[PDB]
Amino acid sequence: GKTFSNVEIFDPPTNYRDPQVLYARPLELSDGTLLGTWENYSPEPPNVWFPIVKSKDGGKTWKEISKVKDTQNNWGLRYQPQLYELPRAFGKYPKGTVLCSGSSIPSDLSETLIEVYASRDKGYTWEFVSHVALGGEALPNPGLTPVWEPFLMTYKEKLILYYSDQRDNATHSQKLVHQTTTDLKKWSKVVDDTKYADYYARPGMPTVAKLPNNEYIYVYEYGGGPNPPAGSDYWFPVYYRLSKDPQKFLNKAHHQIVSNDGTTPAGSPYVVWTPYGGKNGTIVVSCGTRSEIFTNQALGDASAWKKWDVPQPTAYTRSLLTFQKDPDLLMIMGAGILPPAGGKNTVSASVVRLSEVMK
């Protein structure tokens, strides 16, 4: 069988710091191998690292094959890891190089630094590549200037790195931006992807997927979005935008995700698209406060969102991956909840079939 539920990837030592683990991310390589990483809250020193686990049987079993370490700052690689495989060469880094981006942060949380590291041997060894974005104190409070949450994607001859940015702290509590590169060393000026005029709004957590009508869907949580539910005065509903040019979401109309039964997903979303289910494929979205997946088989039409149960539990920024040799297969991977986590977080995954789940 290719499907499985709740297979454990990592059970953290008892001495790891709340939340112990968080922010799981998967990656499929062109040879079918899977890589996985997460925020790894070990007792320091040594400075924290991003572990790299590898599966050769479609995620049934896993083994750690390396650690991505901060070799530049004597801080550690601490938050918001993101794995990505180059689909083409950039500068001296050929097609098939594995990138691991993430934020390097000293233990005292006084600064944030989004880095790119590269592996030329499919995840066994790593080398620093470049510093992308420096920010201030790593607490999500209005007025601080941190940067967070890198997400990578290619577009033609460019690689784009999307992230969350609090540096414009006289105008936006947080906004969403990107930089681009053609060689993985020189990065463009910051470009805005999504921002709202009320200072207290905090759009965050960008992820992106390519649709088969040559548009891209750009998904994020809209901190401070309208109509918080009774008894809340600030929430993080999931919104998205559509654009033929993925450098230009800023000027595109936004849409909230709401399923046909009225469910409003919120918190730390993650989107993928898979060439399965019909001529438009299937867009799949997870959010960080519910266990279901949300699907759209109409290229992001706002009235076509569906919702389906899966056996993988709710988790912060629960992530998604679709298998290139079988688009019907969906991996859902998580590393538990935001602290306080009560010592309960583990890193785990399920593989489901959209054909079975979508009934």
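Position 1 is the first residue in the sequence shown; the rest follow in order.
**Student:** Look up the CA B-factors in the entry and say which stretch, 193-201 or 88-96, has the higher mean.
**Tutor:** Higher mean C-alpha B-factor in the PDB entry: 88-96.
**Student:** State which stretch shows the higher mean Cα B factor in the entry: 18-26 or 347-355.
**Tutor:** 347-355 has the higher mean C-alpha B-factor.
**Student:** Among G76, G288, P228, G102, where is the Cα temperature factor highest, going by the PDB entry?
**Tutor:** The record points to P228.
**Student:** Among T37, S319, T322, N47, which residue carries the highest C-alpha B-factor recorded in the PDB entry?
**Tutor:** By C-alpha B-factor in the record, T322 ranks first.
**Student:** Lowest, middle or highest third: where is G336 by C-alpha B factor in its chain?
**Tutor:** It belongs to the lowest third of the chain when residues are ordered by C-alpha B-factor.
**Student:** Compare the C-alpha B factor of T125 with those of the other modelled residues in its chain, then answer lowest, middle or highest third.
**Tutor:** As the PDB entry reports it, the C-alpha B-factor of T125 lands in the highest third of its chain.
**Student:** Pull the Cα B-factor of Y162 out of the PDB entry and bin it into the chain's lowest, middle or highest third.
**Tutor:** Its C-alpha B-factor belongs to the lowest third of this chain's values.
**Student:** Looking at the C-alpha B-factor of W62, is it in the lowest, middle or highest third of its chain?
**Tutor:** For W62, the deposited C-alpha B-factor lands in the highest third.
**Student:** Taking only the Cα B-factors deposited for this chain, tell me whether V147 sits in the lowest, middle or highest third.
**Tutor:** It falls in the bottom third of the chain.
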